[PDB]
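The structure under discussion appears below in the form of structure tokens.
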Protein chains: 2
Amino acid sequence: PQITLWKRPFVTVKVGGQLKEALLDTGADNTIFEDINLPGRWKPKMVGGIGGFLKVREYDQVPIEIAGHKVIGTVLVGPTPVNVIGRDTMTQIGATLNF
Amino acid sequence: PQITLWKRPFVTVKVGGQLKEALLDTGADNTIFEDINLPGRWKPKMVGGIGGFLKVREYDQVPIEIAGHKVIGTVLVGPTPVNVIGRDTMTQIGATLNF
Ligand SMILES: COc1ccc(S(=O)(=O)N(CC(C)C)C[C@@H](O)[C@H](Cc2ccccc2)NC(=O)O[C@H]2CO[C@H]3OC[C@H](OC)[C@H]32)cc1
Ligand SMILES: [Cl-]
Ligand SMILES: [Cl-]
Ligand SMILES: [Cl-]
Ligand SMILES: [Cl-]
Ligand SMILES: [Y+2]
Ligand SMILES: [Y+2]
């Protein structure tokens with residue numbers, strides 16, 4: 001799709017079998033969800049944005065269905081106020097900015 | 001321009017006469033800079049990042065030169081770790097996402 005930015009750029013995503021909405025976020029290096037449970041081992045990580053830092057779990061090689069593509073990427077899980085799709089996932093679907 | 005997202009999408013801007021770089025950030029509703037000085041009245045505001053909230057000053061009707069366009073918009077000023085260009089500014093230059 002092509003979208004303008006008059007509204008928040010939410011997309012519907014299936015991540016580890018779980019349906020979620022997430023913000024296409026060109027200012028986010030990684031992808032982040034709250035309230036999903038993913039199997040297997042993970043590693044601890046922290047991330048920073050405005051406001052401060054969020055504590056997360058990092059899962060590698062997780063399935064993400066997004067914009068008709070199936071991608072396998074890293075997902076961070078922690079109590080973000082909104083779910084975000086970062087550049088790590090958007091590069092895999094060839095997303096571009098036009099301005 | 002059209003850009004991919006393999007690197008962080010920085011752009012050079014002039015905001016209230018000061019040159020800065022800022023991240024084109026589709027996940028940000030508003031535009032925020034650190035360490036700029038703007039004249040005149042302002043209103044207090046907070047913004048919630050992933051971390052909670054950053055305290056800012058809100059300036060209305062501020063010049064921003066971005067991507068060969070000159071726009072007038074609202075700018076928030078406060079100690080963000082990275083300057084961002086949000087959707088309030090990007091809609092004024094007709095930016096779009098393709099994915
Ligand atoms: C109402 O208006 C705004 C309200 C909030 C923001 S924001 O900066 O908090 N933000 C809101 C998002 C989270 C819904 C914009 C994001 O694009 C933000 C923009 C950003 C970029 C860098 C530093 C701080 C913030 N990036 C981060 O949350 O990125 C996180 C996740 O990926 C990592 O890469 C960059 C960060 O690593 C530091 C990590 C901006 C305008
Ligand atoms: Cl890992
Ligand atoms: Cl990694
Ligand atoms: Cl980069
Ligand atoms: Cl300071
Ligand atoms: Y990793
Ligand atoms: Y400073």
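What the table below lists for this structure:
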quantity	calculated
B:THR80 being more than 16 Å from ligand 5 (Cβ to nearest atom), within 12 Å of the chain's Cα centre (by Cα) and either surrounded by fewer than 19 Cβ atoms within 10 Å (Cβ to Cβ) or hydroxyl-bearing (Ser, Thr, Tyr) (or both)	no
Condition check for A:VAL56: within 11 Å of another protein chain (Cβ to nearest Cβ) and within 13 Å of ligand 6 (Cβ to nearest atom)	yes
Segment A:1-20, residues that are within 16 Å of ligand 1 (Cβ to nearest atom), surrounded by 13 or more Cβ atoms within 10 Å (Cβ to Cβ) and not basic (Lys, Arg)	A:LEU5, A:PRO9, A:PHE10, A:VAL11, A:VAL13, A:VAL15
Subset of segment A:21-54 (residues that are near ligand 1 (Cβ under 6 Å from one of its atoms), under 15 Å from A:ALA95 (Cα atoms) and touching a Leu at 6+ places or on another chain (Cβ under 9 Å))	A:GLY27, A:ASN30
Top-ranked residue of segment B:52-66 - restricted to ones that are closer than 19 Å to A:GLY27 by Cα and surrounded by fewer than 17 Cβ atoms within 10 Å (Cβ to Cβ), ranked as farthest from ligand 7 (Cβ to nearest atom)	B:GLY52
In segment B:70-84, residue nearest to the other protein chains (Cβ to nearest Cβ) [restricted to those that are in contact (Cβ under 8 Å) with a residue 12 or more places away in the chain, part of a strand (DSSP E or B) and out of contact with any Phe, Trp or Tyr (no Cβ under 9 Å at 6 or more places or on another chain)]	B:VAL71
Pick from segment A:33-45, criterion within 14 Å of ligand 2 (Cβ to nearest atom) and assigned to a strand (DSSP E or B), ranking: farthest from B:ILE50 (Cα to Cα)	A:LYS43
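Conditions (1) at the interface with chain A (Cβ under 7 Å from one of its Cβ atoms); (2) more than 16 Å from ligand 4 (Cβ to nearest atom); (3) closer than 11 Å to B:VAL84 by Cα, marked per residue:
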{"residue": "B:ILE3", "(1), (2), (3)": "yes, no, no"}
{"residue": "B:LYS7", "(1), (2), (3)": "no, no, no"}
{"residue": "B:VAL13", "(1), (2), (3)": "no, yes, yes"}
{"residue": "B:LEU19", "(1), (2), (3)": "no, yes, no"}
{"residue": "B:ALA22", "(1), (2), (3)": "no, no, yes"}
{"residue": "B:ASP25", "(1), (2), (3)": "yes, no, yes"}
{"residue": "B:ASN30", "(1), (2), (3)": "no, yes, yes"}
{"residue": "B:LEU38", "(1), (2), (3)": "no, yes, no"}
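No value in this document is a laboratory result; all are computed from the given coordinates. Please note: Cβ atoms are built from the backbone with ideal geometry, for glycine as well, and neighbour counts cover all protein chains shown.
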